[PDB]
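Below: one structure, written as structure tokens.
These numbers come from the heavy atoms of this one structure, side chains and all, not from hydrogens, waters or symmetry mates. Chain naming here is simple, since letters A, B, ... match the order of the sequence lines and numbering starts at 1 in each.
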Amino acid sequence: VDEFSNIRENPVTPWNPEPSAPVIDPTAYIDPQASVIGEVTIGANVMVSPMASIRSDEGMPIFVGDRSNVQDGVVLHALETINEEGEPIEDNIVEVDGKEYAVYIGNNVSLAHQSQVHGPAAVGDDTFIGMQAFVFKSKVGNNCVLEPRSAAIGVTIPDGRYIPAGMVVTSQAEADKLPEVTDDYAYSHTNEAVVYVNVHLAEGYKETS
Amino acid sequence: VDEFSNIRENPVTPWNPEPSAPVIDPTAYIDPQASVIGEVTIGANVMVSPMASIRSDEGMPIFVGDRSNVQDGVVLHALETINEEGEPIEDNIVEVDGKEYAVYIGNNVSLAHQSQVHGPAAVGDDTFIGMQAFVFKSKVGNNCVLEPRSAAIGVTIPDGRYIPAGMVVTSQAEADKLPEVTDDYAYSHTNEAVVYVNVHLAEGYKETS
Amino acid sequence: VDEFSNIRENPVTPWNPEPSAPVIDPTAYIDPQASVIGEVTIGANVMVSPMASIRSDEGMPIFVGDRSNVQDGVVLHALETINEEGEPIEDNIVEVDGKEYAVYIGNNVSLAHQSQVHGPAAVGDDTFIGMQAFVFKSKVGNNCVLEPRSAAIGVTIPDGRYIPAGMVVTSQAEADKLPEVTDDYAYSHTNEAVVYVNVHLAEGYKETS
Ligand SMILES: [Zn+2]
Ligand SMILES: [Zn+2]
Ligand SMILES: [Zn+2]
């Protein structure tokens, strides 16, 4: 009757000679119905909600910074980062200040319910990635806001910008023209409130396990 | 090897002094791979499918009426409903005839696969919320239809209207102009059939547990 | 403390006199946190990822061909295929060369993370169904590409075409006009690489169980 572990090593594959187990800070809370697999780093005070799936078995590594949250049904996965010659595929590798990642999720970042960040991708600190939104082959700057159902594919979202709900951004020209987050923007304080809440949820939930 | 309960209390937090466990009608069926947490009310004959996540740990309470269904990977969650003074945040509280809710899902409502209703939100009786659709900060009337991939954010959808597939409705002006459901509309009988089916699935599945 | 099986029979219902258990090739890998229910056929070398839900309890049967993959949070489900007279509802039945299915997923097909194929539907061989995409009441040909967040509802996508990211195709006229996949198209080699990877992941993961 379905006996198993939800935090585990990635399997041996032609691009993964030696398996890795997730490296998770004692202060992070991983829901029992979340799945965390392979070459993953999870930082302090991170909340991982039911049904999230963080799978570092193809592209690796996948890093989630401190005080960030990975909400219900969020998926983190990436395109192959090493070839057949054990050759790093640089096109599928993201570089975040001297360190290489398949997926890099910064500090104080919110991955809201049912969103997905697929590598190669980087999401900078204090950014809110909206409900059902999508990031793939992109670098989202810090202090950004992806409204619900927006997407960034193959682009760089400059620091401090936002993507209106439903908008799919596929070109650098359009990413260059995004609106700026200002004090009066409707999602201007959303991330700070969410981060506050989720740090407190992680602690509350750690006291139930 | 991952030992746990999928129906459980919310954690103690600064806004939740005392934990609550879900209140679920004996005739509802909660799939073993669904997650139901915290201040939740689930009505009679409700079917909750694999991978759904109903989490009342921030905004609360979350109510699902009789004969409604919460399909695979559907997420129900809400913005904080109480502040730091144990102060009710009225902007994040929905009012459904004398009673206050973070998320209110009426009777005979279908939350189709991978949709999401995030509070503050109310969905009126006999409404079909389409596959992958999204409701957030909105009141959807009764006898409505959100086609697949449609969304209602920050609006009121009048009774008897529908939102074409893919359409993101963010303004009251646009919500005011939605088309009416008529006998010949393609989704006119969709909800009644779905409700019929899911009430019967709940009973069938209850006989397997 | 939540004791259960993730691969199981569908329940007895008015349209399902006798329950069926999934028929899964020994070489397929079904993640322990995936759910597979009812009248399902899973072919060889298929990888089913965490949080996927394949549920054949309404419309049936649901078939997934050899060397195909059903990624994280993907949902497969279908509209009722038999009435009250045990009457086959031909409108909700798809025909794939002499055999009838509620959902037919061909060989070497990739159902990428958080996508969904809802029957009646057929997806032809070597097609990539993008992240968060949607197929419902449609026949997607072989060698197609649904980019991330695209959708096909009520149409036939001819062989060798693609749907740009975010595009919702609801009419045969628009499906007739889709662009062709060519050697230089950005997703032209995507499916073959994904299929290669997932066949190898299935084998790797089978060696961990
Ligand atoms: Zn992937
Ligand atoms: Zn939420
Ligand atoms: Zn369905």
Side-chain angles (χ1 to χ4, degrees), chain A residues 2 4 6 8 11 33-37 50-55 57-58 72-77 114 116 118, chain B residues 31-35 49-53 71-75 112-115 131-132, chain C residues 4-8 10 22-25 28-43 45-57 61-65 67-78 102-105 109-119 121 123 128-135 146 194-195 197-199 201-202 205-206 209:
Chain A
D2 208 22
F4 67 96
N6 67 321
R8 61 199 172 107
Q33 287 173 282
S35 172
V36 186
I37 292 169
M51 317 303 162
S53 176
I54 299 174
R55 188 161 63 86
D57 57 6
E58 181 185 332
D72 315 67
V74 168
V75 174
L76 299 183
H77 192 251
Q114 308 176 319
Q116 166 171 173
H118 195 283
Chain B
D31 190 86
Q33 287 173 282
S35 172
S49 298
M51 317 303 162
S53 176
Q71 298 173 26
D72 315 67
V74 168
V75 174
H113 318 279
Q114 308 176 319
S115 64
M131 301 82 177
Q132 294 189 345
Chain C
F4 67 96
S5 196
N6 67 321
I7 299 163
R8 61 199 172 107
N10 41 18
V23 171
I24 298 162
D25 187 283
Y29 177 73
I30 301 315
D31 190 86
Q33 287 173 282
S35 172
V36 186
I37 292 169
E39 198 185 300
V40 175
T41 297
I42 308 282
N45 300 303
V46 161
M47 244 278 274
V48 181
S49 298
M51 317 303 162
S53 176
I54 299 174
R55 188 161 63 86
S56 189
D57 57 6
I62 297 183
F63 178 99
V64 173
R67 302 167 305 272
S68 290
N69 52 86
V70 176
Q71 298 173 26
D72 315 67
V74 168
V75 174
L76 299 183
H77 192 251
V103 176
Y104 175 89
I105 303 304
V109 163
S110 294
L111 312 187
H113 318 279
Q114 308 176 319
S115 64
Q116 166 171 173
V117 179
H118 195 283
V123 176
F128 178 82
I129 301 301
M131 301 82 177
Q132 294 189 345
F134 183 63
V135 182
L146 265 68
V194 182
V195 158
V197 165
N198 283 265
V199 160
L201 285 166
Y205 283 109
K206 294 294 284 174
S209 72

Answer whether the closest heavy-atom distance between the side chains of [X] and [Y] falls below 4.5 Å.
X	Y	result
C/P50	C/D31	yes
C/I54	C/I42	yes
C/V64	C/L76	yes
C/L201	A/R55	yes

Option passing side-chain contact (heavy atoms from CB on, under 4.5 Å) with C/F63 (candidates C/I105, C/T41, C/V23):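 It is C/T41, the one option of C/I105, C/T41, C/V23 that forms the side-chain contact (heavy atoms from CB on, under 4.5 Å) with C/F63.
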In Å, rounded to the nearest 0.5 Å, how long is the span from [atom1] of [X] to [atom2] of [Y]?
X	Y	atom1	atom2	answer
B/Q33	C/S5	CD	OG	8.5 Å
C/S49	C/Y205	OG	OH	7.0 Å
C/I129	C/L111	CD1	CG	6.5 Å
A/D57	A/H77	CG	NE2	4.0 Å

Given 3.5 Å as the limit, does a donor-acceptor pair link the side chain of [X] with the main chain of [Y], or not?
X	Y	value
C/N6	C/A34	yes
C/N69	C/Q71	no
B/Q114	C/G73	yes
C/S56	C/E39	yes

For a quick test of reading the model, state the closest non-hydrogen atom pair linking [X] to [Y] and the distance between them.
X	Y	answer
C/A112	C/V74	O-CG2, 3.1 Å
C/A121	C/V117	CB-CG1, 3.6 Å
C/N198	C/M47	O-CG, 3.2 Å
A/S53	C/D72	OG-OD2, 2.7 Å
B/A52	A/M51	O-CE, 3.8 Å
C/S110	C/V194	OG-CG1, 3.4 Å

If the plane angle is over 60° it's perpendicular, under 30° parallel, otherwise tilted; pick one for C/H118 and B/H113. tilted
Parallel, tilted or perpendicular: rings of C/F4 and A/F4 (30°, 60°): perpendicular
A/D2 bridged to C/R8 by N-O distance under 4.0 Å: no
